[PDB]
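Just the one chain here, laid out as structure tokens, in the form deposited in one PDB entry.
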């Protein structure tokens, strides 16, 4: 039985309304739940969905060099595969393997409706509206590493701002937008932003273009014998239009705005 690490992050993996009367894999639903079932069916394996213990995507401690999150679960042998909205990144591909991407995304801006911001450049030129990102993920690293002037400027602000502009979970960022009266903007992946914009209470918006262009991949420990098959499965699912079918199902068929 293959141990799958994943993360609670809507609409990728959510607890079912009736989860308390369900067991095992049946507790959960979402895009990644459906994708896991399809990958396991094409690859011929049984599997156990497990939520990452620390609730993180994965970053490396600069001092100890120890990885956390789903990345660490793979690196240290705690899970066999990560099926999640896990961004393919150079630093991570150095320590784990990724399938070809199953979904495209870019960094984007979430505002409370009516907030006078149209772009990253607008954020970087003003100070009334605070802005930040998730911890231990690929968007914080994007700002930490960018040499593009606007983005460097934003990072200098964010890394020193008080109180802290960073959040532990996507849900914490979204809530901070919603409650901040237009004075907090949240930087997060377009996929999450576009799902949130179609949910009640319908008070947030994506603005501006995306800041980058990248993909999520299925991750395995380096050199795993599962990596080949998983990759071919992703290519097959994409070619059959199954990935587009799931995207519709969990985004746009699930729209309430």
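Rigid core (definition): largest C-alpha set, two forms, superposition within 1.5 Å. Residue numbers count along the first chain shown, from 1.
Just so it is clear, the following notes concern the form deposited in another entry, a form of the same protein that is not shown.
Once both forms are overlaid on the rigid core, the distance between the two CA positions of residue 98 between this form and the one not shown is under 2 angstroms. Superposition of the core reveals a Cα shift of less than 2 Å for residue 27 between this form and the one not shown. Superposition on the rigid core between this form and the one not shown places the CA atom of residue 222 less than 2 Å from its counterpart.
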